[PDB]
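*Asks:* Take a look and give me a structure for this.
(chains A, B and C, ligands or ions: 9)
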Amino acid sequence: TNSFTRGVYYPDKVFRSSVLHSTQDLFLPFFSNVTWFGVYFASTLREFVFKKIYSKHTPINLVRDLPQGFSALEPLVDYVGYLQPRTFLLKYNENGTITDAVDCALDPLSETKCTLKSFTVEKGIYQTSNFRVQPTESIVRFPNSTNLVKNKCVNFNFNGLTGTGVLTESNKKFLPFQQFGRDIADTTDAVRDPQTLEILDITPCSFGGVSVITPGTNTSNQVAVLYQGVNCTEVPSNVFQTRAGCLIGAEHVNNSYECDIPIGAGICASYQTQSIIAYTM
Amino acid sequence: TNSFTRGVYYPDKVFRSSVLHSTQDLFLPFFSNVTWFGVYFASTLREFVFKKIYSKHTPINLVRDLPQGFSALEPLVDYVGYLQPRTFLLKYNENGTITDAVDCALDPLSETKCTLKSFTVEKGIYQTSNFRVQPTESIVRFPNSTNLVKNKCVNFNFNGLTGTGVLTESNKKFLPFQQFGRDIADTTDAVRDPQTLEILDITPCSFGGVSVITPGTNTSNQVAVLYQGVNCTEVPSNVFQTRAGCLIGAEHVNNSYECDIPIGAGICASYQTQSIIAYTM
Amino acid sequence: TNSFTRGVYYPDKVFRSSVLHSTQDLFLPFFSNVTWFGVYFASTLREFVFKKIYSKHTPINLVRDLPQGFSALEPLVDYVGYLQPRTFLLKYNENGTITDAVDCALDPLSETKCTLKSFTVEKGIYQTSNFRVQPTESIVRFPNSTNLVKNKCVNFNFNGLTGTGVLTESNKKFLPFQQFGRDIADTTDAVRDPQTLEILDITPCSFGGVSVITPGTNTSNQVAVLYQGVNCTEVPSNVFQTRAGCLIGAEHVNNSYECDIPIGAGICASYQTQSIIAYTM
Ligand SMILES: *[C@@H]1O[C@H](CO)[C@@H](O[C@@H]2O[C@H](CO)[C@@H](O)[C@H](O)[C@H]2NC(C)=O)[C@H](O)[C@H]1NC(C)=O
Ligand SMILES: *[C@@H]1O[C@H](CO)[C@@H](O[C@@H]2O[C@H](CO)[C@@H](O)[C@H](O)[C@H]2NC(C)=O)[C@H](O)[C@H]1NC(C)=O
Ligand SMILES: *[C@@H]1O[C@H](CO)[C@@H](O[C@@H]2O[C@H](CO)[C@@H](O)[C@H](O)[C@H]2NC(C)=O)[C@H](O)[C@H]1NC(C)=O
Ligand SMILES: *[C@@H]1O[C@H](CO)[C@@H](O)[C@H](O)[C@H]1NC(C)=O
Ligand SMILES: *[C@@H]1O[C@H](CO)[C@@H](O)[C@H](O)[C@H]1NC(C)=O
Ligand SMILES: *[C@@H]1O[C@H](CO)[C@@H](O)[C@H](O)[C@H]1NC(C)=O
Ligand SMILES: *[C@@H]1O[C@H](CO)[C@@H](O)[C@H](O)[C@H]1NC(C)=O
Ligand SMILES: *[C@@H]1O[C@H](CO)[C@@H](O)[C@H](O)[C@H]1NC(C)=O
Ligand SMILES: *[C@@H]1O[C@H](CO)[C@@H](O)[C@H](O)[C@H]1NC(C)=O
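*Replies:* Numbering: from 1, shown residues only, chains lettered A, B, ... in the order given. Ligands and ions are numbered 1, 2, ... in the order given. Find the structure here:
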């Protein structure tokens, strides 16, 4: 059984009129796997959210299914789903009644609604969060204690030089006694391997912000995820990289015409036909 | 006996030339009720201020009265009036002698001299201090412990909602479970009375700055006190309210002509004849 | 024996390419008196700097002298001169080898190289440091305990008035009871001597910044030291004062023509012929 945005109660007894409040509490995540026998309880319809008992009574007409829609549960005293800590965006009507909600943890175009604090997202690119490649490796090197890995974000320790970055073969020749180099910004640029005296280059791991490519919410809900400055080989529809990074959820049409939505650094995006395509401008 | 600005001694042994220094010490307030038998002592004339003994010897020619003028008392060793903590503005001559002083606690147009730090106030409006209506009441409401007061600044406590404001009947209908409302600025806007379930509106009490309406000190000393944003029913010659607040010390002439001194928000003030009048611009 | 910039070792084992690093460590000062038998050790050539043993082997061809040039000593393990704490400016080549160094504590035009962080100083005036006349005297005066000194920077204490300045005869007459005066900036301007009741004027001692007058390093190395706002009677080639202060290392040519290098406040400086001259603009 799929919960079509069913369990949304009033977190506090505060009156709000025509606002979009952001609440951090225990709510039922939208489109969650619900058994078909805090916790959510529904019986075909008297919905109950226990945490404090919330109740709601809605007339229904269906068989062997869960009703689709939205219903706010009211505090009573001070199908089963489980509650999780989520950040919800509640829409309060002019009478204080919650008419709609957005769970900003399920899929893209939902975090964009939280970032913009609106149920209608315009046509464009929006930077929602960032992305840092976490090092899934840890190597330590000491002279004559693990193997040397390269071309991957790894926490290294070269005879006391603790750092975080990706190692690669450098074309710089150090002096016979110098053990590590430094750039203009007073940061460790290259290190000398205590074994085999190999010179390795240190590069900071991929640091970029994620962006959602949306052709407005009035046309369709199909969005594309855009990563800035990172390669998709390190990123956890169609996967393809571009000049600005990797774009998930679009196509790689070889055509080229006028730019529609500038995603940044060359390539632009557009909506065509029921499919999002990318083209070089 | 009236002290015509008599007791003003040298607070410290510091030499100053052509300055207007502000001193916070124990001085005799100007135009104070002096007995006709720290303390001020005068005998018709050898004035003494004890606190440290200050002395002054001035030739006088009068009977059954106190001499009018100004005389600075000099430190001697390390009619009777009493000293109070006052903020005085002393005028030092080119030889270090105090020639005049202003007690900025007696009447309006004297605090203006301290605010401007000058013995000559120009023609215009000057904001000297502020004014906050202190709540002369404290009510506490709990469900089934004092009476409910409205239309007056009162400290309230609605089942744990401690605040300060004026309560009035609101036209907003809360939900059957919501107990208090909140505006866009994340402040308590309305509360629900735990008794009779009446909805009350919370409004911050009158916050405004006082202003002195003076037609310059070269013409006359008659000034008018202007309160901004407050009603004279809550404010502790002629009393009348205007669009910018309450104006004390003027008239309410129904005539209208060109503006002379803009007191703010419409109405202007002018000097006519030996009387200060107000007129809508 | 004179050390012609001989002892300069690698402070740390860090690789740098085409940079000018500033190091604070124990180095041999340039042009220092070296015996002709941390410490510097050279033998005609295998130079050794002990601190950690640094070594260097350079072919030489000379007799009864010390070789002139520059040679960087490399770390080996973990004529005699002594090491002192100095701030050196090291020039790293594209291979990490130190090719030249500047000791910014020997003479002027060397501190300018540190201030500009370059081995080539342009033609102009550069403010390197400041200059405050330290009081070489301390007098204390109490009423009926040292002699009264004037026209010299001295720490004074007049019956509890501790301060620092130069005392001189003031033409201001205090009141018979006032002991010290104060200016507009709320600072002690004048004091009354508890003995003989003499009025003295307090003036802050000479505060100014030093400046190096250099006609560029591409033409010659002869520079002139310029002090701003101080008189040479208090300052520790040809000494002469000007409108902007005292200028050491130049001439006082009475001629006057177009300005070449504005040293500030009137007088300008120029290079003529092998001699630095100053002239009123
Ligand atoms: C530390 O030990 C390693 C392991 O023997 C040394 O690596 C070898 O060095 C020799 C001498 O140059 C080479 O012939 C081998 O091919 C190296 N081994 C590998 C797997 O390449 C290393 O040189 C030693 N380092 C020091 C400083 O002694
Ligand atoms: C708390 O007690 C008060 C006092 O009885 C209640 O106020 C009365 O409520 C009844 C029921 O509606 C009215 O008929 C009366 O007119 C009310 N009294 C007055 C003076 O107006 C109040 O309703 C009670 N509240 C709760 C929540 O029980
Ligand atoms: C403190 O003592 C000194 C020393 O005697 C006094 O200085 C003398 O004062 C007399 C009286 O005016 C003069 O005739 C002398 O010429 C002063 N001495 C010198 C060396 O000039 C001083 O006046 C005394 N101060 C007080 C306040 O008593
Ligand atoms: C709020 O309540 C009033 C009460 O009559 C009703 O007329 C109005 O339609 C309600 N608002 C909404 C959005 O339902
Ligand atoms: C992105 O990084 C991966 C790392 O595996 C590399 O193989 C690829 O060539 C990189 N692409 C670009 C365009 O830098
Ligand atoms: C200050 O003293 C001098 C002394 O002769 C006198 O001439 C002058 O008038 C005095 N100043 C004032 C304002 O009285
Ligand atoms: C000012 O406040 C008093 C409160 O008693 C009220 O009666 C009056 O109507 C108010 N006047 C205006 C102009 O708001
Ligand atoms: C650095 O080393 C390379 C190695 O061949 C050499 O060609 C180059 O001249 C060196 N650089 C300097 C400044 O000597
Ligand atoms: C500079 O100070 C000395 C102090 O001994 C003084 O003699 C000289 O007249 C002063 N010169 C100028 C120009 O102020």
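
*Asks:* Can you tell me the closest non-neighbouring residue to residue A:59?
*Replies:* residue A:45 (7.6 Å; C-beta to C-beta, 6 or more residues apart in numbering or on different chains). All C-beta atoms are positioned from the backbone trio N, CA, C, and that covers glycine.

*Asks:* Tell me who's in contact with the one you found.
*Replies:* A:56-60, A:67 (C-beta atoms under 8 Å, 6 or more residues apart in numbering or on different chains).

*Asks:* how far away is it from residue B:225?
*Replies:* Separation of residue A:45 from residue B:225 (C-beta to C-beta, to the nearest Å): 67 Å.

*Asks:* Next, work out how far apart the residue of chain A positioned farthest from its centre and ligand 3 are.
*Replies:* Within chain A, residue A:176 marks the point farthest from the mean C-alpha position, 47.1 Å out by C-alpha atoms, centre = their mean. To ligand 3, residue A:176 is 79 Å away according to C-beta to the nearest ligand atom, to the nearest Å.

*Asks:* Ok, residue A:152 next?
*Replies:* With C-beta to the nearest ligand atom as the criterion, residue A:152 and ligand 3 are 88 Å apart.

*Asks:* That residue touches residue A:168, doesn't it?
*Replies:* No: Residue A:152 is beyond contact range of residue A:168, at 9.8 Å (criterion: C-beta atoms under 8 Å).

*Asks:* Does the residue nearest to the residue farthest from the centre of chain A when sequence neighbours are not counted lie in a helix or a strand, and which?
*Replies:* Computed as C-beta to C-beta, 6+ apart, the closest residue to residue A:176 that is not its neighbour in sequence is residue C:74, at 7.9 Å. Residue C:74 belongs to strand C:71-77 when assigned by DSSP states H and E.

*Asks:* What strands line up against that strand, and which way round?
*Replies:* Counting by DSSP bridges, the strands paired with strand C:71-77 are strand C:7-9 (parallel), strand C:53-57 (antiparallel).

*Asks:* After it, which helix or strand is next? Please name it.
*Replies:* Assigned by DSSP H and E, the successor of strand C:71-77 is strand C:80-82.

*Asks:* Return the set of buried residues in that next one.
*Replies:* Buried residues in strand C:80-82, counted by 16 or more other C-beta atoms under 10 Å in any protein chain shown: residue C:81.

*Asks:* Get me the contact residues on the stretch 101-250 of chain A for chain C.
*Replies:* Counting by C-beta under 8 Å from any C-beta of the partner chain, the stretch 101-250 of chain A comes close to chain C at A:172-182, A:184, A:190.

*Asks:* Over in chain A, which residue gets nearest chain B? Let me know.
*Replies:* residue A:15 (3.5 Å; C-beta to the nearest C-beta).

*Asks:* For that residue, give me phi and psi.
*Replies:* Main-chain dihedrals, residue A:15, degrees, to the nearest 10: phi -90, psi 130.

*Asks:* which residues does it contact?
*Replies:* If you count contacts by C-beta under 8 Å, 6+ apart, then residue A:15 has A:96, B:172, B:174-175, B:178, B:180-182, B:190 around it.

*Asks:* Tell me how far it lies from residue A:163.
*Replies:* Taken as C-beta to C-beta, the span from residue A:15 to residue A:163 is 54 Å.

*Asks:* Identify the residue of the stretch 101-250 of chain A closest to chain C, quick one.
*Replies:* residue A:181 (3.5 Å).

*Asks:* ok, and what's touching the strand or helix carrying that residue?
*Replies:* Counting by DSSP H and E, the element that carries residue A:181 is strand A:180-182. Strand A:180-182 is contacted from outside by A:158, A:161, A:172, A:174, A:188-192, C:13-17, using C-beta under 8 Å, 6+ apart.

*Asks:* quick revisit: need the three-state assignment for the residue farthest from the centre of chain A.
*Replies:* coil (DSSP: H, G, I helix; E, B strand; the rest coil).

*Asks:* what sits against the closest residue to ligand 8 within chain A?
*Replies:* Proximity of chain A to ligand 8 (C-beta to the nearest ligand atom) peaks at residue A:173, 6.4 Å away. Taking C-beta under 8 Å, 6+ apart, we find residue A:173 in contact with A:199, C:95.

*Asks:* Just say helix, strand or coil for it.
*Replies:* Going by three-state DSSP: residue A:173 is coil.

*Asks:* tell me which element the residue in the stretch 101-250 of chain A positioned nearest to ligand 1 falls in.
*Replies:* Taking C-beta to the nearest ligand atom, ligand 1 has its nearest neighbour within the stretch 101-250 of chain A at residue A:144, 3.8 Å off. Counting by DSSP H and E, no helix or strand carries residue A:144.

*Asks:* got it, and residue A:278?
*Replies:* strand A:275-279.

*Asks:* and that strand, what other elements does it pack with?
*Replies:* strand A:268-272 (3 or more C-beta pairs under 8 Å, 6 or more residues apart in numbering or on different chains; DSSP states H and E).

*Asks:* go with 10 Å
*Replies:* strand A:207-215, strand A:224-227, strand A:268-272 (3 or more C-beta pairs under 10 Å, 6 or more residues apart in numbering or on different chains; DSSP states H and E).
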